[PDB]
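my_file-v3.pdb follows (PDB, C-alpha atoms):
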```
ATOM      1  CA  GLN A   1      13.033  -4.534  14.849  1.00  0.00           C
ATOM      2  CA  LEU A   2      10.713  -3.205  12.101  1.00  0.00           C
ATOM      3  CA  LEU A   3      12.956  -3.030   9.015  1.00  0.00           C
ATOM      4  CA  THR A   4      12.336  -0.714   6.050  1.00  0.00           C
ATOM      5  CA  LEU A   5      13.582  -2.601   2.999  1.00  0.00           C
ATOM      6  CA  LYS A   6      13.875  -1.533  -0.631  1.00  0.00           C
ATOM      7  CA  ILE A   7      12.947  -4.175  -3.185  1.00  0.00           C
ATOM      8  CA  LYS A   8      14.774  -4.762  -6.456  1.00  0.00           C
ATOM      9  CA  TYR A   9      14.200  -7.228  -9.311  1.00  0.00           C
ATOM     10  CA  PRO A  10      17.667  -7.176 -10.908  1.00  0.00           C
ATOM     11  CA  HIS A  11      16.699  -9.210 -14.015  1.00  0.00           C
ATOM     12  CA  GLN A  12      13.942  -6.663 -14.761  1.00  0.00           C
ATOM     13  CA  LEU A  13      15.283  -3.241 -13.769  1.00  0.00           C
ATOM     14  CA  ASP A  14      18.309  -1.517 -12.182  1.00  0.00           C
ATOM     15  CA  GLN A  15      16.251   0.701  -9.901  1.00  0.00           C
ATOM     16  CA  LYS A  16      14.369  -0.023  -6.676  1.00  0.00           C
ATOM     17  CA  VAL A  17      10.817  -1.207  -7.362  1.00  0.00           C
ATOM     18  CA  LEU A  18       9.099  -0.643  -4.003  1.00  0.00           C
ATOM     19  CA  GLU A  19       9.573  -0.289  -0.249  1.00  0.00           C
ATOM     20  CA  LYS A  20       8.188  -2.684   2.346  1.00  0.00           C
ATOM     21  CA  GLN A  21       8.340  -2.651   6.146  1.00  0.00           C
ATOM     22  CA  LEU A  22       9.134  -6.140   7.443  1.00  0.00           C
ATOM     23  CA  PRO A  23       9.623  -7.431  10.988  1.00  0.00           C
ATOM     24  CA  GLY A  24      13.224  -8.425  11.818  1.00  0.00           C
ATOM     25  CA  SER A  25      11.992 -11.828  13.061  1.00  0.00           C
ATOM     26  CA  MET A  26      10.250 -12.502   9.750  1.00  0.00           C
ATOM     27  CA  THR A  27      11.523 -15.737   8.277  1.00  0.00           C
ATOM     28  CA  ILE A  28      12.752 -15.925   4.661  1.00  0.00           C
ATOM     29  CA  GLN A  29       9.957 -18.430   3.899  1.00  0.00           C
ATOM     30  CA  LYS A  30       7.415 -15.785   5.001  1.00  0.00           C
ATOM     31  CA  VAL A  31       9.110 -13.013   3.019  1.00  0.00           C
ATOM     32  CA  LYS A  32       9.007 -15.351   0.022  1.00  0.00           C
ATOM     33  CA  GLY A  33       5.309 -15.996   0.747  1.00  0.00           C
ATOM     34  CA  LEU A  34       4.524 -12.275   0.684  1.00  0.00           C
ATOM     35  CA  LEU A  35       6.471 -11.754  -2.577  1.00  0.00           C
ATOM     36  CA  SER A  36       4.822 -14.817  -4.074  1.00  0.00           C
ATOM     37  CA  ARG A  37       1.315 -13.374  -3.664  1.00  0.00           C
ATOM     38  CA  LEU A  38       2.525  -9.995  -4.970  1.00  0.00           C
ATOM     39  CA  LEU A  39       4.327 -11.286  -8.082  1.00  0.00           C
ATOM     40  CA  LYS A  40       2.237 -14.439  -8.607  1.00  0.00           C
ATOM     41  CA  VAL A  41       5.380 -16.594  -8.761  1.00  0.00           C
ATOM     42  CA  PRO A  42       5.878 -19.744  -6.608  1.00  0.00           C
ATOM     43  CA  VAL A  43       7.666 -19.570  -3.208  1.00  0.00           C
ATOM     44  CA  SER A  44       9.914 -22.451  -4.336  1.00  0.00           C
ATOM     45  CA  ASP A  45      11.082 -20.502  -7.408  1.00  0.00           C
ATOM     46  CA  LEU A  46      12.027 -17.383  -5.442  1.00  0.00           C
ATOM     47  CA  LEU A  47      15.700 -16.653  -4.793  1.00  0.00           C
ATOM     48  CA  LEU A  48      16.597 -13.959  -2.266  1.00  0.00           C
ATOM     49  CA  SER A  49      19.717 -12.053  -1.331  1.00  0.00           C
ATOM     50  CA  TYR A  50      20.402  -8.535  -0.083  1.00  0.00           C
ATOM     51  CA  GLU A  51      22.834  -5.620  -0.317  1.00  0.00           C
ATOM     52  CA  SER A  52      23.797  -3.080   2.323  1.00  0.00           C
ATOM     53  CA  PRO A  53      24.773   0.508   1.356  1.00  0.00           C
ATOM     54  CA  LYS A  54      28.043  -0.030   3.290  1.00  0.00           C
ATOM     55  CA  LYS A  55      29.236  -2.679   0.811  1.00  0.00           C
ATOM     56  CA  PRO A  56      27.633  -1.656  -2.496  1.00  0.00           C
ATOM     57  CA  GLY A  57      27.408  -4.347  -5.198  1.00  0.00           C
ATOM     58  CA  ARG A  58      28.020  -7.217  -2.762  1.00  0.00           C
ATOM     59  CA  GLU A  59      25.053  -9.570  -2.543  1.00  0.00           C
ATOM     60  CA  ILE A  60      24.659 -11.557   0.670  1.00  0.00           C
ATOM     61  CA  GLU A  61      22.539 -14.720   0.303  1.00  0.00           C
ATOM     62  CA  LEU A  62      19.441 -15.705   2.235  1.00  0.00           C
ATOM     63  CA  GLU A  63      19.425 -19.455   1.551  1.00  0.00           C
ATOM     64  CA  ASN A  64      17.813 -21.035   4.643  1.00  0.00           C
ATOM     65  CA  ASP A  65      14.049 -20.252   4.469  1.00  0.00           C
ATOM     66  CA  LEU A  66      13.532 -21.040   8.151  1.00  0.00           C
ATOM     67  CA  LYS A  67      15.908 -18.362   9.444  1.00  0.00           C
ATOM     68  CA  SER A  68      14.912 -14.729  10.030  1.00  0.00           C
ATOM     69  CA  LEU A  69      15.961 -11.447   8.394  1.00  0.00           C
ATOM     70  CA  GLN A  70      17.822 -10.224  11.477  1.00  0.00           C
ATOM     71  CA  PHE A  71      19.511 -13.622  11.900  1.00  0.00           C
ATOM     72  CA  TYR A  72      21.093 -12.749   8.552  1.00  0.00           C
ATOM     73  CA  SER A  73      22.080  -9.234   9.791  1.00  0.00           C
ATOM     74  CA  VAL A  74      19.606  -7.560   7.440  1.00  0.00           C
ATOM     75  CA  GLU A  75      19.243  -3.931   8.567  1.00  0.00           C
ATOM     76  CA  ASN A  76      16.840  -1.032   8.184  1.00  0.00           C
ATOM     77  CA  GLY A  77      17.440   0.599   4.781  1.00  0.00           C
ATOM     78  CA  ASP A  78      18.977  -2.460   3.086  1.00  0.00           C
ATOM     79  CA  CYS A  79      18.075  -3.652  -0.392  1.00  0.00           C
ATOM     80  CA  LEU A  80      16.362  -6.972  -0.998  1.00  0.00           C
ATOM     81  CA  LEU A  81      17.106  -8.524  -4.367  1.00  0.00           C
ATOM     82  CA  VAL A  82      14.389 -10.809  -5.667  1.00  0.00           C
ATOM     83  CA  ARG A  83      15.061 -13.327  -8.453  1.00  0.00           C
ATOM     84  CA  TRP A  84      12.919 -16.036 -10.040  1.00  0.00           C
TER      85      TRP A  84
END
```
Would you mind writing the file's structure down as structure tokens?
Amino acid sequence: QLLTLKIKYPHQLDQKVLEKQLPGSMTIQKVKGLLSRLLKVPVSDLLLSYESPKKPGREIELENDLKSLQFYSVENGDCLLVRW
């Protein structure tokens, strides 16, 4: 339920930038909200996707803001890719 996620900004750096613990029922809108305050970039400009160590290099999209992380099968240890 509490997911440890690694954060990456692929247009800035190839390596993981930080780690955050996020509830599995956290909506994408709310994850965007958190990242917005951190990066000082609007929620509406933020584009999110993720990769799982199982399928390296394959980005899965998180388009619908009103759905949750675990709805999208995001798992503990996955990588969240943050673009703007």
Practice problem: Would you translate the PyMOL selection byres ((chain A and resi 6) around 7) into the concrete set of residues it matches in this file, as number ranges by chain? | Solution: A: 4-5, 7-8, 16, 18-20, 77-80
Exercise. Run the PyMOL selection byres ((chain A and resi 75) around 10) mentally over the shown coordinates, then write out the matched residues as a ChimeraX atom specification, using the chain letters and numbers from the document.
Key: /A:1-5,24,50-52,69-70,72-74,76-79
Practice problem: Apply the PyMOL selection byres ((chain A and resi 45-47) around 6) to the displayed file and report the matching residues as JSON, numbers by chain. | Solution: {"A": [42, 43, 44, 48, 83, 84]}
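Computed from the coordinates, the CA of residue 39 in chain A to CA of residue 9 in chain A distance equals 10.7 Å.
Across the structure, CA of residue 68 in chain A and CA of residue 29 in chain A are spaced 8.7 Å apart.
Interatomic distance, CA of residue 34 in chain A to CA of residue 59 in chain A: 21.0 Å.
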Starting from the structure just given, write a file holding range 8-53 of chain A with N, CA and C atoms, as a JSON list (two decimals), in the first residue's frame.
```
[["chain", "number", "residue", "atom", "x", "y", "z"],
["A", 8, "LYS", "N", 12.81, 10.41, -11.32],
["A", 8, "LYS", "CA", 13.75, 10.70, -12.39],
["A", 8, "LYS", "C", 13.19, 11.85, -13.22],
["A", 9, "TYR", "N", 14.07, 12.78, -13.60],
["A", 9, "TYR", "CA", 13.74, 13.84, -14.56],
["A", 9, "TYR", "C", 14.57, 13.59, -15.80],
["A", 10, "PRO", "N", 14.04, 12.81, -16.75],
["A", 10, "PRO", "CA", 14.84, 12.32, -17.89],
["A", 10, "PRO", "C", 15.44, 13.39, -18.82],
["A", 11, "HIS", "N", 14.80, 14.56, -18.89],
["A", 11, "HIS", "CA", 15.33, 15.66, -19.70],
["A", 11, "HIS", "C", 16.42, 16.45, -18.98],
["A", 12, "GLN", "N", 16.67, 16.11, -17.72],
["A", 12, "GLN", "CA", 17.73, 16.76, -16.94],
["A", 12, "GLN", "C", 18.92, 15.86, -16.60],
["A", 13, "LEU", "N", 18.65, 14.59, -16.31],
["A", 13, "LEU", "CA", 19.68, 13.67, -15.86],
["A", 13, "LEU", "C", 19.24, 12.22, -16.03],
["A", 14, "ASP", "N", 20.20, 11.34, -16.29],
["A", 14, "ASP", "CA", 19.96, 9.90, -16.46],
["A", 14, "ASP", "C", 19.76, 9.13, -15.17],
["A", 15, "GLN", "N", 20.19, 9.71, -14.06],
["A", 15, "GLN", "CA", 20.14, 9.00, -12.79],
["A", 15, "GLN", "C", 18.90, 9.40, -11.99],
["A", 16, "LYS", "N", 18.56, 8.56, -11.01],
["A", 16, "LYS", "CA", 17.48, 8.85, -10.08],
["A", 16, "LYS", "C", 17.83, 10.09, -9.23],
["A", 17, "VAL", "N", 16.83, 10.93, -9.02],
["A", 17, "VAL", "CA", 17.02, 12.23, -8.38],
["A", 17, "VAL", "C", 16.69, 12.17, -6.88],
["A", 18, "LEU", "N", 15.68, 11.39, -6.52],
["A", 18, "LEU", "CA", 15.24, 11.28, -5.14],
["A", 18, "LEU", "C", 14.37, 10.04, -4.96],
["A", 19, "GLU", "N", 14.04, 9.74, -3.71],
["A", 19, "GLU", "CA", 13.06, 8.71, -3.38],
["A", 19, "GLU", "C", 11.97, 9.28, -2.49],
["A", 20, "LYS", "N", 10.73, 8.94, -2.84],
["A", 20, "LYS", "CA", 9.55, 9.36, -2.11],
["A", 20, "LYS", "C", 8.70, 8.14, -1.77],
["A", 21, "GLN", "N", 8.08, 8.15, -0.59],
["A", 21, "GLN", "CA", 7.09, 7.14, -0.24],
["A", 21, "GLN", "C", 5.67, 7.67, -0.44],
["A", 22, "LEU", "N", 4.94, 7.05, -1.36],
["A", 22, "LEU", "CA", 3.60, 7.53, -1.72],
["A", 22, "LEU", "C", 2.57, 6.45, -1.51],
["A", 23, "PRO", "N", 1.43, 6.80, -0.90],
["A", 23, "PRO", "CA", 0.31, 5.84, -0.82],
["A", 23, "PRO", "C", -0.11, 5.30, -2.18],
["A", 24, "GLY", "N", -0.49, 4.02, -2.22],
["A", 24, "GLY", "CA", -0.97, 3.39, -3.46],
["A", 24, "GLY", "C", -2.27, 3.96, -3.99],
["A", 25, "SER", "N", -3.08, 4.52, -3.09],
["A", 25, "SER", "CA", -4.36, 5.15, -3.45],
["A", 25, "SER", "C", -4.23, 6.66, -3.75],
["A", 26, "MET", "N", -2.99, 7.13, -3.81],
["A", 26, "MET", "CA", -2.71, 8.50, -4.20],
["A", 26, "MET", "C", -3.03, 8.69, -5.66],
["A", 27, "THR", "N", -3.84, 9.69, -5.97],
["A", 27, "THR", "CA", -4.20, 9.97, -7.34],
["A", 27, "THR", "C", -3.05, 10.68, -8.06],
["A", 28, "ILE", "N", -3.04, 10.60, -9.39],
["A", 28, "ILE", "CA", -1.97, 11.22, -10.19],
["A", 28, "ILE", "C", -1.99, 12.75, -10.06],
["A", 29, "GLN", "N", -3.19, 13.32, -10.01],
["A", 29, "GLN", "CA", -3.38, 14.74, -9.68],
["A", 29, "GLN", "C", -2.65, 15.15, -8.39],
["A", 30, "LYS", "N", -2.72, 14.31, -7.36],
["A", 30, "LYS", "CA", -2.11, 14.62, -6.07],
["A", 30, "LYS", "C", -0.61, 14.43, -6.08],
["A", 31, "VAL", "N", -0.15, 13.43, -6.83],
["A", 31, "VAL", "CA", 1.29, 13.25, -7.08],
["A", 31, "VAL", "C", 1.83, 14.43, -7.87],
["A", 32, "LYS", "N", 1.09, 14.88, -8.88],
["A", 32, "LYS", "CA", 1.48, 16.08, -9.61],
["A", 32, "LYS", "C", 1.54, 17.29, -8.68],
["A", 33, "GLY", "N", 0.56, 17.41, -7.79],
["A", 33, "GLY", "CA", 0.50, 18.52, -6.83],
["A", 33, "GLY", "C", 1.73, 18.60, -5.95],
["A", 34, "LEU", "N", 2.18, 17.44, -5.47],
["A", 34, "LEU", "CA", 3.35, 17.33, -4.62],
["A", 34, "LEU", "C", 4.60, 17.76, -5.40],
["A", 35, "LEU", "N", 4.75, 17.24, -6.62],
["A", 35, "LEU", "CA", 5.89, 17.55, -7.49],
["A", 35, "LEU", "C", 5.89, 19.00, -7.95],
["A", 36, "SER", "N", 4.70, 19.58, -8.05],
["A", 36, "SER", "CA", 4.54, 20.96, -8.44],
["A", 36, "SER", "C", 5.16, 21.89, -7.40],
["A", 37, "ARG", "N", 4.82, 21.66, -6.13],
["A", 37, "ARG", "CA", 5.35, 22.46, -5.02],
["A", 37, "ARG", "C", 6.86, 22.28, -4.89],
["A", 38, "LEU", "N", 7.34, 21.06, -5.14],
["A", 38, "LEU", "CA", 8.77, 20.75, -5.06],
["A", 38, "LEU", "C", 9.59, 21.44, -6.16],
["A", 39, "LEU", "N", 9.09, 21.37, -7.39],
["A", 39, "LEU", "CA", 9.83, 21.85, -8.56],
["A", 39, "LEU", "C", 9.43, 23.25, -9.00],
["A", 40, "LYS", "N", 8.35, 23.75, -8.41],
["A", 40, "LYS", "CA", 7.77, 25.06, -8.73],
["A", 40, "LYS", "C", 7.41, 25.20, -10.21],
["A", 41, "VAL", "N", 6.72, 24.17, -10.69],
["A", 41, "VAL", "CA", 6.26, 24.01, -12.07],
["A", 41, "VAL", "C", 4.77, 23.62, -11.99],
["A", 42, "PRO", "N", 3.91, 24.22, -12.85],
["A", 42, "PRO", "CA", 2.47, 23.97, -12.74],
["A", 42, "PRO", "C", 2.04, 22.50, -12.86],
["A", 43, "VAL", "N", 1.00, 22.12, -12.11],
["A", 43, "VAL", "CA", 0.39, 20.78, -12.20],
["A", 43, "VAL", "C", -0.04, 20.43, -13.63],
["A", 44, "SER", "N", -0.57, 21.41, -14.34],
["A", 44, "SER", "CA", -1.05, 21.23, -15.72],
["A", 44, "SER", "C", 0.08, 21.03, -16.73],
["A", 45, "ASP", "N", 1.30, 21.39, -16.37],
["A", 45, "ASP", "CA", 2.44, 21.20, -17.28],
["A", 45, "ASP", "C", 3.13, 19.86, -17.06],
["A", 46, "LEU", "N", 2.81, 19.20, -15.95],
["A", 46, "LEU", "CA", 3.52, 17.99, -15.55],
["A", 46, "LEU", "C", 3.01, 16.76, -16.27],
["A", 47, "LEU", "N", 3.95, 16.01, -16.85],
["A", 47, "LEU", "CA", 3.66, 14.77, -17.56],
["A", 47, "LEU", "C", 4.36, 13.62, -16.86],
["A", 48, "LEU", "N", 3.56, 12.63, -16.46],
["A", 48, "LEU", "CA", 4.06, 11.48, -15.69],
["A", 48, "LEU", "C", 3.91, 10.13, -16.39],
["A", 49, "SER", "N", 4.87, 9.28, -16.12],
["A", 49, "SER", "CA", 4.90, 7.92, -16.62],
["A", 49, "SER", "C", 5.76, 7.17, -15.63],
["A", 50, "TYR", "N", 5.89, 5.87, -15.79],
["A", 50, "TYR", "CA", 6.75, 5.10, -14.89],
["A", 50, "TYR", "C", 7.41, 3.90, -15.57],
["A", 51, "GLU", "N", 8.54, 3.45, -15.03],
["A", 51, "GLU", "CA", 9.12, 2.18, -15.47],
["A", 51, "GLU", "C", 9.37, 1.21, -14.32],
["A", 52, "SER", "N", 9.16, -0.07, -14.62],
["A", 52, "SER", "CA", 9.33, -1.14, -13.66],
["A", 52, "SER", "C", 10.60, -1.90, -14.02],
["A", 53, "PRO", "N", 11.39, -2.32, -13.00],
["A", 53, "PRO", "CA", 12.68, -2.97, -13.26],
["A", 53, "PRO", "C", 12.56, -4.24, -14.11]]
```
